[PDB]
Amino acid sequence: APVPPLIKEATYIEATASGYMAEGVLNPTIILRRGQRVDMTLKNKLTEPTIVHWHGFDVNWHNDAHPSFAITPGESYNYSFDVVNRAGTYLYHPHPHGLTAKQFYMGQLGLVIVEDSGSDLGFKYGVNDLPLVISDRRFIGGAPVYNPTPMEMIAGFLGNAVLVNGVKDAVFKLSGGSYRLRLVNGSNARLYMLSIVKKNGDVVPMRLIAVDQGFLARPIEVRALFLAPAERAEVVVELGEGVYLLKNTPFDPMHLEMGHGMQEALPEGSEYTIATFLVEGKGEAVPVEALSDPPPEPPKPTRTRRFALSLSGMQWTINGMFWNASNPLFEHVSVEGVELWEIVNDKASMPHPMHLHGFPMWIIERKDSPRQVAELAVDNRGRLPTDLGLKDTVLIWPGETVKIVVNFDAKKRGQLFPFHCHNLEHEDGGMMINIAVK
């Protein structure tokens, strides 16, 4: 069961080409307590600028940290803030404009686990509480390469092999029993439709217990789940003796941005094995029923804002806007109070996992979703099981409209927070804008 080692005291971290180094260990999982103080210094050991982003964290833009605060090689940057996020699985990764995709892909990506009273639900990290960070790489000669062509910058860079926690053909030797699996899409662009199945047997139901920003009100059994870049989904499964497989099952990738898609070595919608679970012996049963940290009801919006996701020529845009490299402080959108955002993805487009920094989002409704998505919805608002928890990254399919509500807390007025697609090629391509809180 190869998973990232834990790091209790993350006071110092170095950004290296192979990933974050702290205490001699690469990309360790930073575990924190809701309410505790974080204080750590980032040192840039790269040959280019960089900055760490605490994905999904409620912090000020200085501790976000905003792309404009990126540091040069040799410099350091200090983060100091109180952890006010709910128990959940978050991430820490690079955010320098134009260089994020490569740094991320070459190795810079770690997990941030926030714990609170009773959040471990009886599971032990590294034993039966397993984070599965799924990523893909394009191997040439057995080594990963990141050489996106202009067309791949438009569509997203897809690898020809999928890894779990940095391991190719990932295999887990487990004992029979209950397992909490923290599914994390750590890929640059690849979308997954995840299912757990008994080898040459049936699909194993997964009980979804948490997403990006924490626990759901109650567990929700699902058979498959879409997981786009940066989305997180924690599920509980009961494994008996035998062989189980974490797989990608068939779906329509909907690459309609430039005709109908390009030739791929490992088709996004093809069936393939992500990880193998060799379950042998009798292990511990961990009863899960009550999740004691429900998500709050969404607030009442006083203003509706429409967002159009479109490809303008060779430039991905949001309401026609895109990042201004010459002015990283440009205020694309001025917001205040509680707003309802209607995010509409063009038909001649591709799925985009939109992510908002600094403020979590409540998913209100999905409309005009493709059938493969509509069939998975569990309420009359077209919402998916993952849409039922508080989120920070949501997938919007071509032709689909996803409505979300966000509380732009007045406490953060005067600060800038990025709103962008988490497909890293799109992000580096400029599909990111600043949200200015007023």
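The first residue of the sequence shown is number 1, and the count goes up from there.
A.B. asks: Select between 150 to 158 and 119 to 127 the stretch whose C-alpha atoms have the higher average B-factor in the entry.
C.D. replies: Mean B over CA atoms: larger for 119 to 127.
A.B. asks: On average, are the C-alpha B-factors higher in 226 to 234 or in 326 to 334?
C.D. replies: Mean B over CA atoms: larger for 326 to 334.
A.B. asks: Highest Cα B-factor in the deposition, which of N185, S76, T100, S270?
C.D. replies: Answer for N185, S76, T100, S270: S76, with the highest C-alpha B-factor.
A.B. asks: Among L46, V394, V405, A65, single out the one with the highest C-alpha B factor in the record, please.
C.D. replies: It is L46.
A.B. asks: Lowest, middle or highest third: where is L42 by C-alpha B factor in its chain?
C.D. replies: Highest third, going by the recorded CA B-factors of the chain.
A.B. asks: Please say which third, lowest, middle or highest, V378 falls into when its CA temperature factor is compared across its chain.
C.D. replies: Ranked within chain, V378 CA B lands in the highest tercile.
A.B. asks: If you rank the chain by CA B-factor, which third does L256 end up in: lowest, middle or highest?
C.D. replies: According to the entry, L256 has a C-alpha B-factor in the chain's middle third.
A.B. asks: Where does the C-alpha B-factor of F81 rank in its chain, lowest, middle or highest third?
C.D. replies: According to the entry, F81 has a C-alpha B-factor in the chain's middle third.
A.B. asks: Pull the Cα B-factor of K347 out of the PDB entry and bin it into the chain's lowest, middle or highest third.
C.D. replies: As the PDB entry reports it, the C-alpha B-factor of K347 lands in the middle third of its chain.
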